[PDB]
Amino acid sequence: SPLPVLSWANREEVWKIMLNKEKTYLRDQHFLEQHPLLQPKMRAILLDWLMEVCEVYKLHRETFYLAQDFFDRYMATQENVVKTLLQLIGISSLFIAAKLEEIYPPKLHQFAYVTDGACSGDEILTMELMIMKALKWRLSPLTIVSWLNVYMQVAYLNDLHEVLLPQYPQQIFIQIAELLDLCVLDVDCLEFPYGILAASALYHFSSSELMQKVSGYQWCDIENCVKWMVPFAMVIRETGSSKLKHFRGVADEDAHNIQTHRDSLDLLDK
């Protein structure tokens, strides 16, 4: 229970509803163990491709993580999927995500145009309903980046415990995000709760103490996740942290919330 005392509800109640939600939103690291024609590096290239389209369209890190959660969860419902179906499933997961999270999402054509003709608005419109019907309309998960948001807010909180007004450094946020983006590419991250993954990335940038203070989890809870994230953390640390980009038409108080793209696959090879 890391949230401070809450005005609108019981801080324990709020945090436990948040926790209990990860128990109702199941994700499995062996989903391509259902789709034999599929390889784990295909998921990585698609996930990387969606981050790029997100940056191109100035979409939020939230809508990218909603598409990732939708993709990985939709696959756990499917049996045999061909390499060619992936562009369609990815961009449709992004189409649903954009509509849920954005105020002015890109239009259906903007999502078709970015596939270079390989996907029509009609297939996206059909797939969207297959994904949504197959996910059983469970489209409100607590994404990986959603947790870092919480954690980052709890770090930058004063005696006036204003839990909803955002108050935290943008550069620190980006540098923790980049690591999570890099671990999301490997399908093994799904063995760790989204809350755990976010806490562990925060830990690699802070300490066990800050981590516990902002997330609540004990070091024992995080130990196996920190152990797995160890290579990824070093690939990032070896390269040197990135800088807070500006985006036209995007206010700087929210520039940290815009999804970005790098050589994440070249780094993933390590």
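For clarity, a rigid core is taken as the largest C-alpha set superposing within 1.5 Å between two forms. Start at 1 and count along the sequence shown; that's the residue number.
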Judged by RMS Cα deviation after a rigid core fit in 6 other deposited structures of this protein, the more variable of 161-169 and 98-106 is 161-169
Kindly name the stretch, out of 152-160 and 67-75, whose CA atoms are displaced more from this form in 6 other deposited structures of this protein after the core superposition?
152-160
Residue range whose averaged C-alpha B-factor is higher in the record, 234-242 or 63-71:
234-242
Higher avg CA temperature factor (32-40 vs 45-53, as deposited) belongs to 32-40
Which one of 99, 107, 133, 161 shows the top CA temperature factor in the record?
161
One of 119, 145, 94, 127 has the largest Cα B-factor in the entry, namely 119
Could you look up the Cα B-factor of residue 19 in the entry and say which third of the chain it sits in: lowest, middle or highest?
middle
Third of the chain, ranked by Cα B-factor, where residue 201 sits
lowest
Which third, lowest, middle or highest, does the CA B-factor of residue 255 fall in along this chain?
lowest
Assigned third (lowest, middle, highest) for the C-alpha B factor of residue 151
lowest
Please say which third, lowest, middle or highest, residue 140 falls into when its CA temperature factor is compared across its chain.
lowest
